[PDB]
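Below is one structure, written out as structure tokens; comments come after it.
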Amino acid sequence: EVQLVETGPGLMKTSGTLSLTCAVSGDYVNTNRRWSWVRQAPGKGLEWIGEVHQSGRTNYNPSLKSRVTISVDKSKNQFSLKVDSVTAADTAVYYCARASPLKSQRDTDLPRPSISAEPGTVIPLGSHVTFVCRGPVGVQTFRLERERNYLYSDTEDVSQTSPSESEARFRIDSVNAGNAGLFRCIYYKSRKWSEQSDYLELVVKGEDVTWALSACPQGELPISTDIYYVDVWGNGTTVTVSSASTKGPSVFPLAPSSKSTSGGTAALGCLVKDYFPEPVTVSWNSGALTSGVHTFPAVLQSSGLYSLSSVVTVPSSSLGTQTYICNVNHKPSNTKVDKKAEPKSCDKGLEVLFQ
Amino acid sequence: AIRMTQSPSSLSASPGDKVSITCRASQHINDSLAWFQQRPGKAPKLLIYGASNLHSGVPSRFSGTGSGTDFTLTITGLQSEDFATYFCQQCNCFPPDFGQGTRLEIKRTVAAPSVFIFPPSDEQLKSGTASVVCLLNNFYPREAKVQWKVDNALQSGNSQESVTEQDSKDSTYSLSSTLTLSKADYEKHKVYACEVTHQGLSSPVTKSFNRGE
């Protein structure tokens, strides 16, 4: 159904502004989801970058809040991530994700409503806040309730957003101190009132005052009673950042010391060394050699360049019977080098090295 | 933030076994946790949300339990597609941090590595560097030790390792250790030895060569 594809630079230079966009297909971005970015360094696990909300509110992991910006373009159904002033440690596979308020596939046809705040639940004094009550389809009345100094407000404007949800909005234009406290929604449908929603606290912030009742760590109150889980991941795009330039690999043979007390089986390989752009294909004898090859992952040395090895194991009698050629092509420089690996001859004597 | 700790870090099993992975949160999060599966190279996928509710389309061998601070993902009918890495994520408070993940590996009979040593090519020493490579072939499990000795002296800091993924058929691993020296340093000594200790080995296996021969 829904599909997210990430586009961005394959290789990016250090210290520059990284920009990726996510194209959403089969869903509209102007719905009640949170579009997120998540990052995975090479072999280190998941790190959450941030999210954007339908109201335009964004939230960033405080590790990178200095450098990250998330935005949405509704016209083309895309959303973008921009991270400034990149270290080499920002090299990673980046995923865009859709976080949705999944609900237990329970259905009572009279489920409990939810309440949310936009832009959030901590509002400066005098600024606006909007509550969004959401429930099932066919809701005839929505009421927003305040707990302490109990007052309530009814609204009969209700829109279908899907064949299973409906929502209603209550806007306070200039919040004062007396607006702070607990809020919850309840809806009227099928001739009876529903269960009350859970409470959401709205706090008002002033010059030197915070009007809050007295949950989560240090701050960061929830802004909805619904938990948003990421139910759709993109395949991710790998971005590499490095202070380097495209370079062809040096290829060296790993020869099995022609007589080496060798028993039944033998091994021999190719060592591809110091090539910048990550992908390199190594096939032996251009394909005719399949069973027994083992080519290892690249390793990032402080040279900023990569190096790996590819090895095959052979019958120990195959010295002269077959000549082995390893075929390494580096497409980003289109350096197609092929080198035949054979043992060194004992005729020439003793190799001497000095200076 | 809230710290999620998964247990164990790694785990070995065979197709058909029932496995359980734990995730413990630092504080109470009211079921606000999700389980994700990530196979090697591909993108993550949602298994359970709300700590116990099975996402649509994923098989029922997967199951989620727990709340408060302790949650458990269990697979009963292990199949080949389940051998992947699993992550927990807390989704209640602002930074929805993941766990460090747990990798699920195929359990296999112990197999000793076939060890080989490779001297540097003459073409490499023209550029002033020497790389000697030790290869450990088709062993299980991965926990293996490679040590370099240059004229009987144990080497440290000048070798990097790189191990393959579990192979599709034998479920074995292969390791590559590379010792990199300058041609100047390579000149100074004669005997280069790679010493490998593995549980499939009764005693450590040492393969060596003499420079120039």
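Chains as they are written, first to last, in the deposited numbering: chain A, 1 to 214, 222 to 362; chain D, 2 to 214. Where is the CB? At the ideal position from N, CA and C, for every residue including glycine.
Interface with chain D (7 Å Cβ-Cβ cutoff): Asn-61/A is included.
Note on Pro-322/A: under 16 other CB atoms within 10 angstroms of its CB, so exposed under the neighbour-count rule.
Its Cα nearest to that of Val-2/A, the residue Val-24/A stands out among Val-24/A, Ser-15/A, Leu-11/A. The Cβ-Cβ distance between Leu-102/A and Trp-37/A does not fall below 7 Å. Remark: C-beta atoms of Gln-156/D and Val-306/A do not approach each other more closely than 7 Å. Under the three-pair Cβ rule at 8 Å, the segment 10-22 of chain D counts as touching the segment 62-78 of chain D. According to the DSSP assignment, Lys-346/A belongs to the beta strand (DSSP E) that extends over 342-348. For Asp-18/D, the secondary structure class from DSSP, reduced to helix, strand or coil, is coil. Here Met-5/D is near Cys-89/D, since their CB atoms are less than 7 Å apart.
The DSSP assignment places 34-41, 45-53, 58-60, 68-73, 78-83 as complete runs of the beta strand (DSSP E) inside the segment 25-84 of chain A, in order along the chain (cut-off: 3 residues). Under the Cβ criterion of 7 Å, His-53/A is not counted among the residues facing chain D.
Scanning the segment 146-172 of chain A from its first residue to its last, the whole beta strand (DSSP E) runs of 3-plus residues come out as 151-155, 159-162, 165-172. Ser-310/A and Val-192/D have their C-alpha atoms spaced approximately 28 Å apart. Listed in chain order, the positions of the segment 46-69 of chain D with a beta carbon within less than 8 Å of a beta carbon of chain A are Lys-46, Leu-47, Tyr-50, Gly-51, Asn-54, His-56, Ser-57. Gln-362/A is classed as exposed because its beta carbon has fewer than 16 other beta carbons within 10 Å across all chains shown. The beta carbon of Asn-61/A sits closer than 8 Å to those of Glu-47, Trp-48, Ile-49, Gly-50, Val-68, all from its chain and outside the five residues before and after it, given in chain order. Taking C-alpha positions only, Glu-106/D is separated from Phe-84/D by approximately 6 Å.
Per DSSP, reduced to three states, the secondary structure at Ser-174/A is coil, with no helix or strand assignment.
In the displayed model, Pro-339/A falls within a helix according to three-state DSSP. Sequence-distant Cβ neighbours of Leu-18/A in its own chain, meaning closer than 6 Å and more than five residues away, are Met-12, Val-83, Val-86. Beta-bridge analysis with DSSP links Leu-155/D to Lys-150/D. DSSP places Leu-275/A in no alpha helix (DSSP H) but in the uninterrupted beta strand (DSSP E) bounded by 272-282. Under the three-pair Cβ rule at 8 Å, the segment 171-179 of chain A counts as touching the segment 126-136 of chain A. Counting only the Cα atoms, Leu-34/D lies some 51 Å from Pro-260/A. Residue-level contact by beta carbon holds for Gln-125/D and chain A, with a gap shorter than 7 Å. Listed in chain order, the beta strand (DSSP E) elements of length 3 or more contained wholly in the segment 250-328 of chain A are 257-261, 272-282, 288-291, 313-322.
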